[PDB]
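As structure tokens, one chain now follows by itself in the form deposited in one PDB entry.
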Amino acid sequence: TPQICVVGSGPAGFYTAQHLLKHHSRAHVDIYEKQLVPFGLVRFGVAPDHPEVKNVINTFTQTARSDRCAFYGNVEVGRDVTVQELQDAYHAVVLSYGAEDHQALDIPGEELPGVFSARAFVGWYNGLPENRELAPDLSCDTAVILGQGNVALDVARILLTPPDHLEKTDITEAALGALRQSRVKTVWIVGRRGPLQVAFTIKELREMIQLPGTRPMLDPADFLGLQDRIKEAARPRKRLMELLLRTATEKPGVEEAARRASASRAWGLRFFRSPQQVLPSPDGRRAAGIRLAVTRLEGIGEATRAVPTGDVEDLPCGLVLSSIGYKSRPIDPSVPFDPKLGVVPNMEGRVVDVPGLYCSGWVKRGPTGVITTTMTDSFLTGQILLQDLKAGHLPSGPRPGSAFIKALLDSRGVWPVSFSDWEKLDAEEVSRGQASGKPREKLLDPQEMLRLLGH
């Protein structure tokens, strides 16, 4: 009876577990999670207006309800239980704990009230307990987001959607309340490079262009000569660039021109600008602008980089969201960690020089794929692990699994959240959603969550 444990209950943990249970009829999989609840970024990252994307929870739930899978929330691996303890109890351990850090801007002014990582702002409207008191000040009229990735688009879309259109989503009631009072009418999404280097994808770009109550602000000068350079581009890329190009250069029909003229909000893309400094209000109590270094591109293809021209531009704004990526964080002394790539060093999921220890998802590859990328990547890890298990490369003999770990946790005063505990809070969140017409109303207070969890 093979005992495997998974550290992290987001898409990598669940798809790794799912692959292991499907391809090995005896193996048992225990999934550990630091938060009180499961699902990682499916619950706390994916936007409330992308409910479609969260449907993978239904298959995670079937896996968690099966006889050979168990969930242990409220357990911080590296703190409540060490990786070495897990290695001693299981035949194999998979690190699937994501990239829990935001990359900082590393610029002056970054400490002013009104500056946040997009991550934190997302965690706030998605009910991540640690961001429940973020209390972003939306009394300003312009927000600036740095980074032109899908995350940037999510934050801009939430800031500009007519609040009534988010009423029936699972957005927190607190964030929706704040959004109803927001004075933000303009959002600029600023990239260091040009149009050809944007990192967002077409579904999200179209959602922005078509967002009711808004008009797009693209400078055609940013796109001169684009059709020409995208003629040998890959189909998806080319389609995206053509959608951007049209939005920037086609004069709209009479109806769309009217709709754009009556719009109360606007969003735009700014290119060739890198963040140099957040500017304070005269009294230093808030952000009042962002100083951007003008840049120009040098290099060919993917090797192209922005290099400063020496010119600067100041752009007034009261909200600055850095949406420039992530880094995983080390978890425990027994786990190698590369501070540079911000990943656990590994060879196709096998952690370097640590027999029995594997990894999957963002902590394995770096923070850049969508859920399906994470899924097929977790499957690759799952294949190598199971081939190692079958081959007899992991310790021979019994391995106690949770029997041993719970006894440690029992003594240490740590009471894990089982999946059935979670099911109780899920029912409560869902029922609370019934009265208000939402999918659920997430509990944010850890104390109240613990009570509703049966703790």
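Residue positions are given as counts along the sequence shown, with the first one as 1. The term rigid core refers to the most C-alpha atoms you can superpose between the two forms while keeping them within 1.5 Å.
Note that the form deposited in another entry isn't included here; everything after this is about it.
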item: Comparing forms between this form and the one not shown after core superposition, the one residue of 217, 174, 297, 202 displaced by 2 Å or more at CA; value: 297
item: Direction of Cα pair change residue 340-residue 303 in that other deposited form, magnitude 3 angstroms or more; value: closer
item: Pairwise C-alpha change, residue 304 versus residue 340, in that other deposited form against this form - closer or farther, 3 angstroms or more; value: closer
